[PDB]
Structure formats: C-alpha cells, structure tokens
$ cat work_5.cif   # mmCIF, C-alpha atoms; chains and numbers go by the auth columns
data_model
#
loop_
_atom_site.group_PDB
_atom_site.id
_atom_site.type_symbol
_atom_site.label_atom_id
_atom_site.label_comp_id
_atom_site.label_asym_id
_atom_site.label_seq_id
_atom_site.Cartn_x
_atom_site.Cartn_y
_atom_site.Cartn_z
_atom_site.B_iso_or_equiv
_atom_site.auth_seq_id
_atom_site.auth_asym_id
ATOM 1 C CA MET A 1 136.025 -72.032 -164.102 0.00 1 A
ATOM 2 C CA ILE A 2 132.894 -72.418 -161.991 0.00 2 A
ATOM 3 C CA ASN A 3 129.701 -70.513 -162.851 0.00 3 A
ATOM 4 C CA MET A 4 127.135 -71.868 -160.275 0.00 4 A
ATOM 5 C CA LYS A 5 124.394 -71.091 -157.765 0.00 5 A
ATOM 6 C CA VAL A 6 124.915 -72.836 -154.382 0.00 6 A
ATOM 7 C CA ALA A 7 122.498 -73.080 -151.439 0.00 7 A
ATOM 8 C CA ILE A 8 124.047 -73.276 -147.913 0.00 8 A
ATOM 9 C CA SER A 9 122.071 -74.272 -144.829 0.00 9 A
ATOM 10 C CA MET A 10 122.721 -71.462 -142.306 0.00 10 A
ATOM 11 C CA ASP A 11 122.169 -70.578 -138.649 0.00 11 A
ATOM 12 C CA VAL A 12 122.753 -66.940 -137.661 0.00 12 A
ATOM 13 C CA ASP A 13 126.319 -67.690 -136.416 0.00 13 A
ATOM 14 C CA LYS A 14 127.441 -70.762 -138.438 0.00 14 A
ATOM 15 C CA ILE A 15 126.525 -73.478 -140.930 0.00 15 A
ATOM 16 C CA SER A 16 123.602 -75.297 -139.305 0.00 16 A
ATOM 17 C CA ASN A 17 123.508 -78.880 -138.054 0.00 17 A
ATOM 18 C CA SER A 18 121.131 -79.888 -140.877 0.00 18 A
ATOM 19 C CA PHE A 19 119.388 -78.835 -144.032 0.00 19 A
ATOM 20 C CA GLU A 20 116.143 -79.214 -142.087 0.00 20 A
ATOM 21 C CA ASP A 21 117.006 -77.297 -138.883 0.00 21 A
ATOM 22 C CA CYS A 22 118.585 -74.182 -140.438 0.00 22 A
ATOM 23 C CA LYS A 23 117.321 -70.644 -139.865 0.00 23 A
ATOM 24 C CA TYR A 24 117.855 -69.754 -143.537 0.00 24 A
ATOM 25 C CA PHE A 25 119.362 -70.856 -146.857 0.00 25 A
ATOM 26 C CA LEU A 26 122.155 -68.639 -148.116 0.00 26 A
ATOM 27 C CA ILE A 27 121.948 -68.542 -151.947 0.00 27 A
ATOM 28 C CA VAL A 28 125.371 -67.723 -153.393 0.00 28 A
ATOM 29 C CA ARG A 29 126.126 -67.009 -157.040 0.00 29 A
ATOM 30 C CA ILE A 30 129.724 -67.927 -157.897 0.00 30 A
ATOM 31 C CA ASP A 31 131.084 -66.638 -161.177 0.00 31 A
ATOM 32 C CA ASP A 32 134.504 -66.875 -162.712 0.00 32 A
ATOM 33 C CA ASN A 33 135.408 -68.637 -159.421 0.00 33 A
ATOM 34 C CA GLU A 34 134.287 -65.622 -157.279 0.00 34 A
ATOM 35 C CA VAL A 35 131.200 -64.998 -155.121 0.00 35 A
ATOM 36 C CA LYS A 36 129.152 -62.390 -157.007 0.00 36 A
ATOM 37 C CA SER A 37 126.017 -62.151 -154.922 0.00 37 A
ATOM 38 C CA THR A 38 124.093 -63.463 -151.929 0.00 38 A
ATOM 39 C CA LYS A 39 120.494 -63.814 -150.866 0.00 39 A
ATOM 40 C CA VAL A 40 118.681 -65.031 -147.693 0.00 40 A
ATOM 41 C CA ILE A 41 115.720 -67.409 -147.973 0.00 41 A
ATOM 42 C CA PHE A 42 114.165 -68.157 -144.548 0.00 42 A
ATOM 43 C CA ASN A 43 113.562 -71.852 -143.820 0.00 43 A
ATOM 44 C CA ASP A 44 109.782 -71.481 -143.296 0.00 44 A
ATOM 45 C CA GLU A 45 106.898 -73.080 -145.278 0.00 45 A
ATOM 46 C CA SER A 46 107.302 -70.524 -148.114 0.00 46 A
ATOM 47 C CA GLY A 47 111.124 -70.744 -148.100 0.00 47 A
ATOM 48 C CA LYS A 48 110.944 -74.495 -148.539 0.00 48 A
ATOM 49 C CA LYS A 49 109.020 -73.865 -151.834 0.00 49 A
ATOM 50 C CA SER A 50 111.315 -70.946 -152.804 0.00 50 A
ATOM 51 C CA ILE A 51 114.524 -72.912 -152.530 0.00 51 A
ATOM 52 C CA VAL A 52 113.179 -75.296 -155.191 0.00 52 A
ATOM 53 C CA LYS A 53 112.306 -72.336 -157.497 0.00 53 A
ATOM 54 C CA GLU A 54 115.928 -70.992 -157.307 0.00 54 A
ATOM 55 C CA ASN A 55 117.114 -73.930 -159.437 0.00 55 A
ATOM 56 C CA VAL A 56 120.463 -74.118 -157.603 0.00 56 A
ATOM 57 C CA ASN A 57 123.350 -76.207 -158.940 0.00 57 A
ATOM 58 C CA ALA A 58 124.491 -77.518 -155.534 0.00 58 A
ATOM 59 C CA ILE A 59 123.711 -77.630 -151.807 0.00 59 A
ATOM 60 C CA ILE A 60 126.265 -77.400 -148.913 0.00 60 A
ATOM 61 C CA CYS A 61 125.049 -78.853 -145.632 0.00 61 A
ATOM 62 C CA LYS A 62 126.226 -80.996 -142.726 0.00 62 A
ATOM 63 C CA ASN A 63 123.240 -83.374 -142.631 0.00 63 A
ATOM 64 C CA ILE A 64 120.130 -83.860 -144.770 0.00 64 A
ATOM 65 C CA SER A 65 117.039 -86.082 -144.373 0.00 65 A
ATOM 66 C CA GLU A 66 116.383 -89.123 -146.514 0.00 66 A
ATOM 67 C CA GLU A 67 113.298 -87.315 -147.924 0.00 67 A
ATOM 68 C CA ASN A 68 115.161 -84.116 -148.798 0.00 68 A
ATOM 69 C CA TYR A 69 118.076 -86.123 -150.180 0.00 69 A
ATOM 70 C CA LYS A 70 115.644 -88.113 -152.385 0.00 70 A
ATOM 71 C CA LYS A 71 113.930 -84.892 -153.608 0.00 71 A
ATOM 72 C CA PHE A 72 116.996 -82.710 -154.323 0.00 72 A
ATOM 73 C CA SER A 73 119.535 -85.370 -155.481 0.00 73 A
ATOM 74 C CA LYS A 74 117.475 -85.932 -158.688 0.00 74 A
ATOM 75 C CA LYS A 75 118.706 -82.594 -160.023 0.00 75 A
ATOM 76 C CA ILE A 76 121.242 -81.150 -157.483 0.00 76 A
ATOM 77 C CA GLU A 77 124.634 -82.298 -156.189 0.00 77 A
ATOM 78 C CA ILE A 78 124.766 -82.231 -152.373 0.00 78 A
ATOM 79 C CA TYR A 79 128.116 -81.563 -150.689 0.00 79 A
ATOM 80 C CA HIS A 80 129.148 -82.060 -147.076 0.00 80 A
ATOM 81 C CA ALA A 81 130.312 -79.002 -145.123 0.00 81 A
ATOM 82 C CA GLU A 82 133.557 -79.180 -143.165 0.00 82 A
ATOM 83 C CA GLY A 83 133.215 -77.242 -139.932 0.00 83 A
ATOM 84 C CA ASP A 84 131.105 -74.158 -139.127 0.00 84 A
ATOM 85 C CA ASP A 85 132.570 -71.393 -141.331 0.00 85 A
ATOM 86 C CA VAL A 86 130.601 -70.510 -144.479 0.00 86 A
ATOM 87 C CA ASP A 87 133.437 -68.574 -146.157 0.00 87 A
ATOM 88 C CA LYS A 88 135.924 -71.424 -145.600 0.00 88 A
ATOM 89 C CA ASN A 89 133.370 -73.806 -147.093 0.00 89 A
ATOM 90 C CA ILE A 90 132.648 -71.648 -150.146 0.00 90 A
ATOM 91 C CA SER A 91 136.429 -71.575 -150.736 0.00 91 A
ATOM 92 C CA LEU A 92 136.681 -75.390 -150.317 0.00 92 A
ATOM 93 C CA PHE A 93 133.720 -75.803 -152.713 0.00 93 A
ATOM 94 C CA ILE A 94 135.345 -73.655 -155.419 0.00 94 A
ATOM 95 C CA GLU A 95 138.641 -75.521 -154.934 0.00 95 A
ATOM 96 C CA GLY A 96 136.921 -78.869 -155.558 0.00 96 A
ATOM 97 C CA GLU A 97 137.705 -80.084 -151.995 0.00 97 A
ATOM 98 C CA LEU A 98 134.216 -80.945 -150.536 0.00 98 A
ATOM 99 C CA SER A 99 132.875 -84.459 -150.609 0.00 99 A
ATOM 100 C CA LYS A 100 129.617 -85.298 -152.382 0.00 100 A
ATOM 101 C CA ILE A 101 126.974 -86.901 -150.177 0.00 101 A
ATOM 102 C CA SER A 102 125.942 -90.368 -151.479 0.00 102 A
ATOM 103 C CA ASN A 103 123.633 -91.384 -148.608 0.00 103 A
ATOM 104 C CA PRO A 104 122.442 -89.206 -145.800 0.00 104 A
#
$ encode --input "work_5.cif" --output "structure tokens"
Amino acid sequence: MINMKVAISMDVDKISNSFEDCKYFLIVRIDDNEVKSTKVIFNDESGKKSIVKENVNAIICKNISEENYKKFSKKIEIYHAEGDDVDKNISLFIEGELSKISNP
C-alpha cells in the first residue's frame, strides 16, 4: 500500500504545461492508497523554497527543466502526467500506471 506525499504542478483549471510555469503546487498526502489531505503552495520565490522543505516522495508534471530535473531527481521520483485532470492522474499514480521521467 502507498503511504506518500506527492507534489503536482497545477494551473487553476488543470495540470499545468510545466513544473516551472504552474500557478501552484498541489501537495497531496496519500495514505493506505487514499488521498488524506491537500495543500496549495504558490509557485512564487518563497514557494520554490517551500516545495523543497515539504520533502515530497514524488512529483507529477507534464514537463520539467533540466535544472529542476537535476535538483529534484537526486531525492525525488518524477512522473509524467497523462492529460489535464488531477484526480485521474492521482488515481493513475496510485495504480502504478504513470511513467517515470528519465530525461526532461
């Protein structure tokens, strides 16, 4: 069973085009294969520091920069979103059905 914290790169209406361009990071705690809680971290100068402090297990995004990939892939597994829908993607994540990004 998965017990993990996952960061998702979000626009107000959908998963964003990139980790870099998002409005906010949605921090989801998944426990006994269920979403238990959520939190918004705005993608501003402070939010960029905050996301590191969260110590997430995984990121879900559509695209990510070489720099951010280099930084986060040391510790964090980075998964590629499939379409725009965050709930569909959280489900796919839990099911083990998202692909792990190897190069941005």
$ closest_residue --input "work_5.cif" --among "A:94, A:1, A:28, A:81" --to "residue 16 (chain A)" --atoms "only C-alpha atoms"
A:81
$ atom_distance --input "work_5.cif" --atom1 "CA of residue 60 (chain A)" --atom2 "CA of residue 44 (chain A)"
18.4 Å
$ residues_around --input "work_5.cif" --residues "residue 35 (chain A)" --least-positions-apart "4" --cutoff "10 Å" --atoms "all atoms listed in the file" --output "PyMOL selection string"
chain A and resi 3-5+28-31+87+90-91+94
$ write_last_selection --input "work_5.cif" --atoms "C-alpha atoms" --output "compact mmCIF listing (two decimals), in the frame of the given file"
# COMPACT_ATOMS: atom_id res chain seq x y z
CA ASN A 3 129.70 -70.51 -162.85
CA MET A 4 127.14 -71.87 -160.28
CA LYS A 5 124.39 -71.09 -157.76
CA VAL A 28 125.37 -67.72 -153.39
CA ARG A 29 126.13 -67.01 -157.04
CA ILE A 30 129.72 -67.93 -157.90
CA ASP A 31 131.08 -66.64 -161.18
CA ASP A 87 133.44 -68.57 -146.16
CA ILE A 90 132.65 -71.65 -150.15
CA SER A 91 136.43 -71.58 -150.74
CA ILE A 94 135.34 -73.66 -155.42
$ atom_distance --input "work_5.cif" --atom1 "CA of residue 22 (chain A)" --atom2 "CA of residue 42 (chain A)"
8.5 Å
$ closest_residue --input "work_5.cif" --among "A:52, A:40, A:92, A:8" --to "residue 71 (chain A)" --atoms "only C-alpha atoms"
A:52
$ closest_residue --input "work_5.cif" --among "A:73, A:36, A:15, A:50" --to "residue 88 (chain A)" --atoms "only C-alpha atoms"
A:15
$ resolve_selection --input "work_5.cif" --expression "the PyMOL selection byres ((chain A and resi 27) around 6)" --output "number ranges by chain"
A: 6-7, 26, 28, 38-39
$ write_last_selection --input "work_5.cif" --atoms "C-alpha atoms" --output "PDB file, keeping the file's coordinate frame"
ATOM      1  CA  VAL A   6     124.915 -72.836-154.382  1.00  0.00           C
ATOM      2  CA  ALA A   7     122.498 -73.080-151.439  1.00  0.00           C
ATOM      3  CA  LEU A  26     122.155 -68.639-148.116  1.00  0.00           C
ATOM      4  CA  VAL A  28     125.371 -67.723-153.393  1.00  0.00           C
ATOM      5  CA  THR A  38     124.093 -63.463-151.929  1.00  0.00           C
ATOM      6  CA  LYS A  39     120.494 -63.814-150.866  1.00  0.00           C
TER       7      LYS A  39
END
$ axis_aligned_box --input "work_5.cif" --around "region 7-17 of chain A" --padding-each-side "4 Å" --output "lines of an AutoDock Vina configuration file"
center_x = 124.8
center_y = -72.9
center_z = -143.9
size_x = 13.4
size_y = 19.9
size_z = 23.0
$ closest_residue --input "work_5.cif" --among "A:82, A:61, A:102, A:70" --to "residue 18 (chain A)" --atoms "only C-alpha atoms"
A:61
$ resolve_selection --input "work_5.cif" --expression "the PyMOL selection byres ((chain A and resi 66) around 12)" --output "list in words"
residues 18, 19, 20, 63, 64, 65, 67, 68, 69, 70, 71, 72, 73, 101, 102, 103 and 104 of chain A
$ decode --input "work_5.cif" --residues "region 2-25 of chain A" --atoms "N, CA, C and O atoms" --output "compact mmCIF listing (two decimals), in the first residue's frame"
# COMPACT_ATOMS: atom_id res chain seq x y z
N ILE A 2 0.44 2.29 -0.73
CA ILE A 2 1.25 3.50 -0.77
C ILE A 2 0.90 4.48 0.38
O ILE A 2 -0.30 4.75 0.65
N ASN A 3 1.97 4.91 1.06
CA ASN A 3 1.98 5.98 2.04
C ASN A 3 2.97 7.08 1.58
O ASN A 3 4.17 6.97 1.93
N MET A 4 2.53 8.10 0.82
CA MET A 4 3.44 9.05 0.16
C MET A 4 2.90 10.47 0.11
O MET A 4 1.70 10.67 0.13
N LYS A 5 3.81 11.43 -0.04
CA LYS A 5 3.46 12.82 -0.30
C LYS A 5 3.88 13.11 -1.77
O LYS A 5 5.00 12.80 -2.15
N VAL A 6 2.95 13.65 -2.54
CA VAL A 6 3.17 13.88 -3.98
C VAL A 6 2.89 15.34 -4.28
O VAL A 6 1.86 15.89 -3.87
N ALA A 7 3.82 15.97 -4.95
CA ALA A 7 3.59 17.36 -5.48
C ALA A 7 3.17 17.37 -6.97
O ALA A 7 3.81 16.76 -7.82
N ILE A 8 2.08 18.06 -7.26
CA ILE A 8 1.52 18.17 -8.64
C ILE A 8 1.55 19.60 -9.10
O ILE A 8 1.01 20.50 -8.42
N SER A 9 2.10 19.82 -10.30
CA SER A 9 2.20 21.18 -10.85
C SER A 9 0.83 21.58 -11.43
O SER A 9 0.38 20.99 -12.40
N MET A 10 0.20 22.58 -10.82
CA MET A 10 -1.19 22.96 -11.14
C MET A 10 -1.38 24.37 -11.70
O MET A 10 -0.79 25.35 -11.24
N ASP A 11 -2.25 24.47 -12.71
CA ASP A 11 -2.91 25.75 -13.05
C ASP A 11 -4.29 25.75 -12.37
O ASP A 11 -4.70 24.76 -11.79
N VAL A 12 -5.01 26.86 -12.44
CA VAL A 12 -6.29 26.92 -11.71
C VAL A 12 -7.29 25.89 -12.21
O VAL A 12 -8.02 25.34 -11.41
N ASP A 13 -7.24 25.57 -13.51
CA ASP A 13 -8.22 24.71 -14.20
C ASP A 13 -7.74 23.30 -14.59
O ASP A 13 -8.55 22.47 -15.00
N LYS A 14 -6.45 23.00 -14.42
CA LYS A 14 -5.83 21.80 -14.99
C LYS A 14 -4.39 21.67 -14.52
O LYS A 14 -3.83 22.65 -14.00
N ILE A 15 -3.80 20.48 -14.72
CA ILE A 15 -2.38 20.28 -14.58
C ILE A 15 -1.71 21.22 -15.58
O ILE A 15 -2.17 21.33 -16.74
N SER A 16 -0.66 21.91 -15.14
CA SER A 16 -0.01 22.93 -15.94
C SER A 16 0.87 22.29 -17.02
O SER A 16 1.22 21.11 -16.95
N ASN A 17 1.30 23.14 -17.94
CA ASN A 17 2.19 22.70 -19.03
C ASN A 17 3.58 22.30 -18.54
O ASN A 17 4.20 21.42 -19.15
N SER A 18 4.05 22.93 -17.46
CA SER A 18 5.34 22.59 -16.86
C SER A 18 5.40 22.81 -15.37
O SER A 18 4.54 23.49 -14.76
N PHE A 19 6.41 22.19 -14.77
CA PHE A 19 6.75 22.39 -13.39
C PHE A 19 7.05 23.85 -13.16
O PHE A 19 6.70 24.39 -12.09
N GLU A 20 7.66 24.50 -14.14
CA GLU A 20 8.12 25.88 -13.99
C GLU A 20 6.99 26.90 -14.15
O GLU A 20 7.00 27.91 -13.46
N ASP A 21 6.03 26.65 -15.04
CA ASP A 21 5.01 27.63 -15.39
C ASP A 21 3.76 27.59 -14.52
O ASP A 21 2.88 28.46 -14.65
N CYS A 22 3.66 26.60 -13.63
CA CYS A 22 2.43 26.41 -12.85
C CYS A 22 2.07 27.62 -11.97
O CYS A 22 2.92 28.46 -11.64
N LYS A 23 0.79 27.73 -11.68
CA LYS A 23 0.33 28.72 -10.68
C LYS A 23 0.69 28.29 -9.28
O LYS A 23 1.12 29.10 -8.45
N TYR A 24 0.52 26.99 -9.00
CA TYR A 24 0.77 26.44 -7.66
C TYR A 24 1.11 24.97 -7.75
O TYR A 24 0.83 24.35 -8.78
N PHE A 25 1.74 24.46 -6.68
CA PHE A 25 1.99 23.05 -6.42
C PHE A 25 0.91 22.58 -5.47
O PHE A 25 0.65 23.22 -4.41
